[PDB]
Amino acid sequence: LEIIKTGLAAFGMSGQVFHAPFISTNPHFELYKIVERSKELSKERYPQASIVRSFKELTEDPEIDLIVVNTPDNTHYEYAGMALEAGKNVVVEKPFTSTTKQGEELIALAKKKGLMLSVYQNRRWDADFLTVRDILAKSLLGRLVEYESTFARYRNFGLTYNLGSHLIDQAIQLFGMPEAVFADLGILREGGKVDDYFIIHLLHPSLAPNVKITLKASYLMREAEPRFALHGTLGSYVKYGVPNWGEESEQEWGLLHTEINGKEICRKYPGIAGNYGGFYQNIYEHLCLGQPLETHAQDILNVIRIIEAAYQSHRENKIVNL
């Protein structure tokens, strides 16, 4: 009900694309202060923001309700820590912290002080994932029985950490944490030193324990597997991959093949647009209206636990129970 005065820690790509346009347009937030080291780039589009020269200046201002930590990766633990100690709610960009221990510390500190600690991941707000969420919300496939998600690439010259994070994040958000993890990893390309292939099964996710989950990525898929393939009792949705913050061109549309009002339909499906402002609207609804936050920092720790369970599964040739 009171406007969330927001300090933005950096005005590089991420500040200009992921953060400032939505803090600005959202009427429940004020783009109040922006850190720029020497430049005044933000003046042109955001003339009512005040430019400060240092991060500490955001933490020392009692008017600030929220600090967005989108500075370089190495600064994240220190900066989020400074902001929380100063009594500010915090958004940190992925990667949240350099260690799990650090992440646990910050969550505990936020809990102690009654503050929000959110982790920003732009892919949560992309057209493709939101379209999948919407298909599920509307039960277009009937009762869902299978979910598959693959990052297909073709490149010669670790994947489970780099692309697995996004896939695991999205699966946990839709279906909850699994009882167990199977993973098989590969180094498929000659001369490779880190995994360039994985397949992961999340066994019995808490919200939908009967749904079969497959997460995959590979650098040797010259013909791509689907970015999403979903199967239900009434139908299927299959989507192939190419920020993704608007609508999608026809070439990118998924195929929806299902039963609607008792009639079989099989058509390319435009889906719904990306909604990068959704991140901030959810923060508003959480802080002001007490609604569930979709981006709690504990999510990231949960993804890391799954990533580690996947590497353990492969290394030990075992199903890892959680």
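Quick note: we count residues from 1 along the sequence shown, nothing fancier.
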Sequence continuity check, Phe157 and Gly158 (deposited residues unmodelled): 10 or more
Between neighbours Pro243 and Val242, residues that the deposited sequence lists but the model omits: 10 or more
185 to 193 versus 117 to 125 - greater average Cα B-factor per the deposited record: 185 to 193
Which of 243 to 251 and 223 to 231 has higher mean CA B factor, as the PDB entry lists it: 243 to 251
C-alpha B-factor winner, where the candidates are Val35, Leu41, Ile67, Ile283: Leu41
Residue with highest C-alpha B-factor in the PDB entry, from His201, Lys94, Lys138, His166: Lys94
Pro72 by Cα B-factor - lowest, middle or highest third of the modelled chain: highest
CA B-factor placement of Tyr161, once the chain's modelled residues are sorted into thirds: highest
Chain-relative CA temperature factor third for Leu293: lowest
Third of the chain, ranked by Cα B-factor, where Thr100 sits: highest
Third assignment of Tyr269 from its chain's C-alpha B-factors: middle
